[PDB]
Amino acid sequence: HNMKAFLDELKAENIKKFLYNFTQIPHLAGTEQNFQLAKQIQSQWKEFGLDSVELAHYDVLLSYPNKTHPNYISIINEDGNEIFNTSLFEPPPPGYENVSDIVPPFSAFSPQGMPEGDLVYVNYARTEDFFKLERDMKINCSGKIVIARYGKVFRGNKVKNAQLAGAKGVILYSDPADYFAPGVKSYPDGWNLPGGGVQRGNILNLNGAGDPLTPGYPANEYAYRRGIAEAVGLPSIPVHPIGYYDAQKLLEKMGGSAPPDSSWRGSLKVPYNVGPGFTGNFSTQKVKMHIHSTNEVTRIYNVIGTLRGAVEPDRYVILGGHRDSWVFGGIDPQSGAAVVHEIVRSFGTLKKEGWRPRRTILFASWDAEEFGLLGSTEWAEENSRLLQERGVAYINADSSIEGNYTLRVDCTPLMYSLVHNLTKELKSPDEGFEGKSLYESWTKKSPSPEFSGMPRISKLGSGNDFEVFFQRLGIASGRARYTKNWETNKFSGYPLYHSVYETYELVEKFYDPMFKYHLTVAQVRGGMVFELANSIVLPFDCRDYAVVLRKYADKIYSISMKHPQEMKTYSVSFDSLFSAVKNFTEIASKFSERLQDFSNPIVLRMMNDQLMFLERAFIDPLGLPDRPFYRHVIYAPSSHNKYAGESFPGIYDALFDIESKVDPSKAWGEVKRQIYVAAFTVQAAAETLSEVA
């Protein structure tokens, strides 16, 4: 009864069966079918042997198209006749043409409206795309409908950016340049997005708030809800996603200015003119959106499984991933949920033979992730006192695969050593690495840019259910999945993401026929939970935080040093931050020595508490500026792309575009304030590792 027993019990064939089972019908959040699936998971986790399995439910703001009043976009002529209409649905894939309750493509939480106007093409609608438009090109988006390609960044940032540019609507589309890999066929004959395929997804800017109506507090039965007008993160202009057949029709007539350069051109046979409006012959034609989706408070269900710890039941290691899908969820999330299901089954096998982990393991099937991480966030809001005093670690478990090339891990520095050690003990599933370790294949395919013989591990970003646990509550967090080769494959994400084409057959035929990558990811995720819940000394190495803190301090200082004159004028020094990082390095080194030298369970637990509370020490209870739920001072989601992690985010945002600020004294004053906050927090975290008295 050790890790090897746990790992060996995991079967690829079981993960295949579960994936099939979870993907036959849609499981949209707030729907009866997803509630049925919740009850099924609850039943099976009980059967599998967990001590308790409960549903935790909340009533949250969700968004759905109107069934009798479909969303669509038109080209209208001067008479007002709609001469072109975008599709009302994606052509269903082979054998699914009769499946009901496929939600049609829509942008969740769009307000209703029917705006009419001239089109401006804004590339990926990134901060720098708008800078280029407004500052360099002198194009005004005010009162225009913007059309943007999907890709590069989170769609909610695109919508925010369009809105602050004064757009009156946004059209999102999938360009083949970003969603069609050269030499691969469209679904069903390959893994590419067809011209009628469309990516669903919410366009909120929640910044960690969870349910838009109840920021800070669980959306329970007696919750007081904000009015819609005061809700968090809702867009103020209508938005709708389309495919590249329909996008071609909308782009082909575009006039005004040429694209500023080739990074603005996708792969369609159109000029990619920025606009505004259409070329001469069609200059009186306009674009009209028709959006009728409604926001509604709807009940959602998390499944929470508990396997009580034998020695420290008041210490919680959490494995959590979501269950709700846009349609069938073939990759997102069921390729993760099937992996969790088999992990539970394996732990349960051991439990039935009399074993218990040292610490409590909690297993979560979250609801409403697709609508803003709502299930994980409301539950963490409800249980925040328990999680901040008892939470050892959170391992996420959304999609197990986004490619078939190599491992991807994003995690706190505290888990680097755990991940290196675990992967050295696992077999690579890769062709040409038979009998080699996962560590070897991973390091070869994804080398660290700093360190020879080490793999690359990214910072945690967001756009997934670890966000409340890591950036709000400061619980050490990690995620892992198989991924594509980004060096040779330039497209954004996997092509069929959040489309009807993301099915069981997508995975079984193209991504992972033998379910070996799924099994590899079950071993990584399950292996991590096993070590975290069972190792006598928590498997965190504080010295790895010291190394990255120095790298981040160098980075942020380099950004500021682009403005040497202002640093002189305003006396901007990074000395305090570097001093704090030096102290952290020295104190962590001494703590590591002590952790090596000590039969005494109090000294042990005292030291496990120092390891556990070290991630927690990076939390500032005041939050980051205007983002009260992003409280971690080292890591926040990028203010320009929610998916990307930013380091020293407080100083980063204070420096961003600082040369354009009206009051340089005020702006540089705020840079110095953020330096102070960062240096203080680093020193305060270091001091939690000092001898306690």
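So that there is no doubt, residue numbering starts at 1 and follows the sequence shown.
According to the entry, the stretch of the deposited sequence that connects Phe598 to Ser599 contains 1 to 3 residues lacking coordinates, which leaves a short gap in the model. Per-stretch averaging of Cα B factors for 243-251 and 359-367 places 243-251 on top. Higher mean CA B-factor, judged across 629-637 and 53-61 from the recorded values: 53-61. In the deposited coordinates, the residue among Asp620, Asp544, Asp118, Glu378 with the greatest CA B-factor is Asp118. Which of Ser477, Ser576, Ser142, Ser335 has the largest Cα B-factor in the deposited entry comes down to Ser142. For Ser647, the recorded CA temperature factor ranks within the lowest third of the chain's modelled residues. Among all modelled residues in this chain, the alpha-carbon of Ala667 has a temperature factor (C-alpha) in the middle third. Among all modelled residues in its chain, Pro104 ranks in the middle third by Cα B-factor. Among the modelled residues of its chain, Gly169 has a C-alpha B-factor that falls in the middle third according to the deposited record.
When all modelled residues of the chain are sorted by CA temperature factor, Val692 is found within the middle third.
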